[PDB]
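Each answer follows from the model by the rule given with it, or from the source it names; none is laboratory data. Cβ placement follows ideal geometry from the backbone for every residue including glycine, while neighbour counts extend to all protein chains displayed.
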Amino acid sequence: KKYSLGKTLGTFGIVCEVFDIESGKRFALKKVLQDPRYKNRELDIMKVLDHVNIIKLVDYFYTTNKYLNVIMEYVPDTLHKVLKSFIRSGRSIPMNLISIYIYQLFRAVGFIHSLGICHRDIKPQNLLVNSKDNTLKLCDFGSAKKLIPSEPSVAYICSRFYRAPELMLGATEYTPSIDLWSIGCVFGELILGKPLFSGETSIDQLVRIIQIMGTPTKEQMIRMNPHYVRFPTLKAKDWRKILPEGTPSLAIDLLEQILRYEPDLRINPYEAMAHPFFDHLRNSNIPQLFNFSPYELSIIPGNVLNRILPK
Amino acid sequence: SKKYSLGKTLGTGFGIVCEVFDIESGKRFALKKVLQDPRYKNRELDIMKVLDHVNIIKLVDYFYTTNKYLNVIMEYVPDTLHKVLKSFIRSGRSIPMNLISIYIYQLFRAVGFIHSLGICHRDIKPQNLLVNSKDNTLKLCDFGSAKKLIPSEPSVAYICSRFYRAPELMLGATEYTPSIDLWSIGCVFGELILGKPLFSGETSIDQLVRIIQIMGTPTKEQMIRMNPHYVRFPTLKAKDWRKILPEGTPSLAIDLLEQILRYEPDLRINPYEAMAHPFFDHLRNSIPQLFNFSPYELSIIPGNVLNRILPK
Ligand SMILES: O=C1N=c2ccccc2=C1c1[nH]c2ccccc2c1NOCC[C@H](O)CO
Ligand SMILES: O=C1N=c2ccccc2=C1c1[nH]c2ccccc2c1NOCC[C@H](O)CO
């Protein structure tokens, strides 16, 4: 009764736009089929995400088959729709804007990773954008999990475009580092205007990665998955020959630092925020970039913080 | 339900209140379990959800269970002002005025916060006032009797309780205001000083007479302000608190009490102005957090008032 129903946004349930009958405000409703016997993992993660670049939990309740109704913060557009529109119009997303989106993405992921939480399905359909601010917010934690580093996961993550290579190799001991590969993939697509690594199967997807970044060495295979083994030998290619003809060197340098085979070697989110590619954001439309919460300040290293911040 | 382990009982008041433990983090919380239909809203949860303040008990978690029950997990504080009050009497000592001021200051800050939202507690009493001994932090809990007052709509006069109701409630008022909480604070302040409650009595008349016997018969203008729908008592002159309260009592204590226990609901000192009252000049001159105002708090405290509240 408290929420009047709006447009369906996407379909174990459905996602709608709803309105608070009392305040007038607009929120997002996720209605999922659910037994009040068991916990809901997604609700349980939501409950802990209090960050400016992450979608906030507002309310939740049960209904009538029994359903859990999660009411969340709303943002009016997805990076998927923005990206498709630029292609449609015939032009490239300005690099200045790409940097704005990608910085905020890094900030979000930095925050969930300081809690051991991994998203596992970062994609442009999951990156909410505000046209008026250029604010970006990470949503949908239906596929997320708190990784317990002393404990093995089962390899059951299948998806196009954005999986880390270690997931394609059936890794059992993957880490939140997987998200960092996704960011890289999003970042590249934004630049190129189409995804980096297509393919319907894991083999297909692996081959495409190899085709661009070269065959992984043995040391690289172990570090991705020590439980797994031979491909043909292909040399790495230069991103400057893959990406479109205008692409800034700083953009490619950061990209090189993200898309590494060795999960442990991928750039740290706060490190990436301190990367010269964001130097023009530090030199003062722009949303909030430097309003760190007292939690974030407790977590960012002092060397790093000083390089992230403006003079 | 597995997430929390029981759980010493804290009070069976439509449900129970227990101590519970987060089996993942090890932290201790308070569980309020109430009999509830998931067909209706629960008013108390809806209020909890909006209370974000250092001197009010925070909501933590909530879930359903099986007769169907709503389970409210809240911030926990290990003691009540009632137990503290009731222990000082045992030892044959009075609560230091310096301590009394610590608690009552925080109480005002809490009330200041809920009234900025139109939320009225409606049952403030030392049993509802949680105190932590490490720190002298006080927190206001248990909003099961709270309501958001919609100034343009009447309420129904069905509030019956001992010691702490505003005179307007005793008079069957239908248009009462969050001011009723300030009357309760005054009473609590008073009781802390005196060693026993100010206004005893099992019925409404009984409660009114006691007030009238200390504060004097209300004038006609004071009756209209408490309840313009209500008519004679015998004429009694006000007594002077200096002769009711114990021999030592500081004059600023009484000054502050006088400014809370007015018959005219609209004249009762407002909470921020009370923190500015000189009775708290020693906390300023000189103990928990007192001056760490939230961005929200800062935006609704008036300018001149704020400066009087803060230390120099
Ligand atoms: O604002 C949103 N908050 C959410 C929380 C969880 C899941 C989705 C959203 C939100 C969406 N905002 C949008 C604005 C324009 C278009 C779509 C959306 C949102 N959701 O997208 C549908 C979910 C789909 O199944 C995968 O993301
Ligand atoms: O810490 C508490 N949080 C609460 C939220 C709602 C209702 C009660 C409490 C809490 C109590 N903490 C205590 C510590 C010692 C003794 C009692 C309590 C709490 N409540 O006990 C029942 C409330 C009753 O109104 C007063 O006895």
Pairs, first farther than 18 Å from residue A:182 by Cβ in the stretch A:193-214, second charged (D, E, K, R) and assigned to a loop (DSSP other than H, G, I, E, B), C-beta under 6 Å, six or more apart: A:214/A:235
Qualifying residue in the stretch B:235-254 (condition: closer than 27 Å to residue B:175 by Cβ, more than 22 Å from the chain's Cα centre (by Cα) and either of a type in the set (A, V, I, L, M, F, W, C) or part of a helix (DSSP H, G or I) (or both)): yes
First in the stretch B:1-21 and within 14 Å of chain A (Cβ to nearest Cβ) and of a type in the set (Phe, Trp, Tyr), second anywhere and surrounded by 10 or more Cβ atoms within 10 Å (Cβ to Cβ) and in a strand (DSSP E or B), Cβ under 8 Å, 6 or more apart: B:4/B:20; B:4/B:21; B:4/B:22; B:4/B:29; B:4/B:31; B:4/B:73
Test: residue A:69 is of a type in the set (S, T, N, Q), within 11 Å of another protein chain (Cβ to nearest Cβ) and either buried (at least 16 other Cβ atoms within 10 Å of the Cβ) or within 16 Å of ligand 2 (Cβ to nearest atom) (or both): no
Filter pass, residue A:271 being among the acidic types (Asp, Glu), assigned by CATH to the domain that holds residue A:196 and over 17 Å from residue A:101 (Cα atoms): no
Pairs with Cβ under 6 Å, 6+ apart, first in the stretch B:73-87 and near ligand 2 (Cβ under 7 Å from one of its atoms), second assigned to a loop (DSSP other than H, G, I, E, B): B:74/B:57; B:75/B:57; B:75/B:58
Any hit, the stretch B:120-128, residues being within 15 Å of ligand 2 (Cβ to nearest atom), surrounded by fewer than 20 Cβ atoms within 10 Å (Cβ to Cβ) and away from chain A (no Cβ under 14 Å): yes
Candidates B:86, B:134, B:139, filtered to the one that is more than 14 Å from chain A (Cβ to nearest Cβ), basic (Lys, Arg), within 24 Å of residue B:292 (Cβ to Cβ) and not in a strand (DSSP E or B): B:134
Some residue of the stretch A:215-238 being buried (at least 19 other Cβ atoms within 10 Å of the Cβ), closer than 29 Å to residue A:81 by Cβ and not polar (S, T, N, Q): no
Subset tally (residues that are surrounded by 13 or more Cβ atoms within 10 Å (Cβ to Cβ), out of contact with any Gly (no Cβ under 7 Å at 6 or more places or on another chain) and assigned to a helix (DSSP H, G or I)) for the stretch B:269-281: 6
Subset of the stretch B:142-180 that is within 16 Å of ligand 2 (Cβ to nearest atom), farther than 21 Å from residue B:100 by Cα and not aliphatic (A, V, I, L, M) - its residue that is farthest from the other protein chains (Cβ to nearest Cβ): B:162
Count of residues meeting criterion [of a type in the set (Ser, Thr, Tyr) and either more than 17 Å from residue A:102 (Cβ to Cβ) or crowded, with 21+ Cβ neighbours inside 10 Å (or both)] in the stretch A:239-268: 1
Every residue from the stretch B:194-209 that is in a loop (DSSP other than H, G, I, E, B) and either within 24 Å of residue B:130 (Cβ to Cβ) or more than 19 Å from the chain's Cα centre (by Cα) (or both): B:195, B:196, B:197, B:198, B:199, B:201, B:202, B:203
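Quick test for you: out of B:150, B:185, B:119, pick the one residue that is of a type outside the set (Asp, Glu) and touching a strand residue (DSSP E or B) at 6+ places or on another chain (Cβ under 8 Å). Working first, answer last.
Working: B:150 fails: touching a strand residue (DSSP E or B) at 6+ places or on another chain (Cβ under 8 Å); B:185 fails: touching a strand residue (DSSP E or B) at 6+ places or on another chain (Cβ under 8 Å).
Sole residue among the options that is of a type outside the set (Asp, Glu) and touching a strand residue (DSSP E or B) at 6+ places or on another chain (Cβ under 8 Å): B:119.
Just to be sure before I move on: is residue A:297 among the aliphatic types (A, V, I, L, M) and loosely packed, with under 12 Cβ neighbours inside 10 Å in the structure I sent? Show your work before the answer.
Details: among the aliphatic types (A, V, I, L, M): yes; loosely packed, with under 12 Cβ neighbours inside 10 Å: yes.
Yes: the conditions hold for residue A:297.
Among the residues of the stretch A:1-26, write down those that are within 28 Å of the chain's Cα centre (by Cα) and not in a strand (DSSP E or B). Can you show your working first?
At the first step, the residues of the stretch A:1-26 found to be within 28 Å of the chain's Cα centre (by Cα) are A:6-19, A:25-26.
Selection gives A:11, A:12, A:25.
Is it the case that the stretch B:236-246 has a residue that's closer than 30 Å to residue B:139 by Cβ and of a type in the set (A, V, I, L, M)?
Step one: list which residues in the stretch B:236-246 are closer than 30 Å to residue B:139 by Cβ, which gives B:241, B:244-246.
Next cut, of a type in the set (A, V, I, L, M) only: B:244-245.
The answer is yes, given that some residue of the stretch B:236-246 is closer than 30 Å to residue B:139 by Cβ and of a type in the set (A, V, I, L, M).
Looking at the stretch B:40-60, is at least one residue over 20 Å from the mean Cα position of the chain (by Cα) and more than 14 Å from chain A (Cβ to nearest Cβ)? Steps first, please.
Residues of the stretch B:40-60 over 20 Å from the mean Cα position of the chain (by Cα): B:40-42, B:60.
Those still in the list that are more than 14 Å from chain A (Cβ to nearest Cβ) too: none.
Checking the stretch B:40-60: not a single residue is over 20 Å from the mean Cα position of the chain (by Cα) and more than 14 Å from chain A (Cβ to nearest Cβ).
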Odd one out for residue B:33, checked against (1) more than 19 Å from residue B:132 (Cα to Cα); (2) within 14 Å of another protein chain (Cβ to nearest Cβ); (3) outside any helix (DSSP H, G or I): (2)
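Select, from B:64, B:40, the only residue that is part of a loop (DSSP other than H, G, I, E, B), surrounded by fewer than 18 Cβ atoms within 10 Å (Cβ to Cβ) and more than 15 Å from ligand 2 (Cβ to nearest atom).
Values: B:64 fails: part of a loop (DSSP other than H, G, I, E, B).
After ruling out the rest, the residue left standing is B:40.
Can you work out which of the residues in the stretch A:167-193 that are aliphatic (A, V, I, L, M) and not in a helix (DSSP H, G or I) is surrounded by the fewest Cβ atoms within 10 Å (Cβ to Cβ)? Step through it out loud before you land on a result.
Applying the first criterion (aliphatic (A, V, I, L, M)) to the stretch A:167-193 yields A:167-169, A:171, A:178, A:180, A:183, A:186, A:190-192.
Keeping just the survivors that are not in a helix (DSSP H, G or I) gives A:169, A:171.
Values: A:169: 19, A:171: 22.
Here the residue is A:169.
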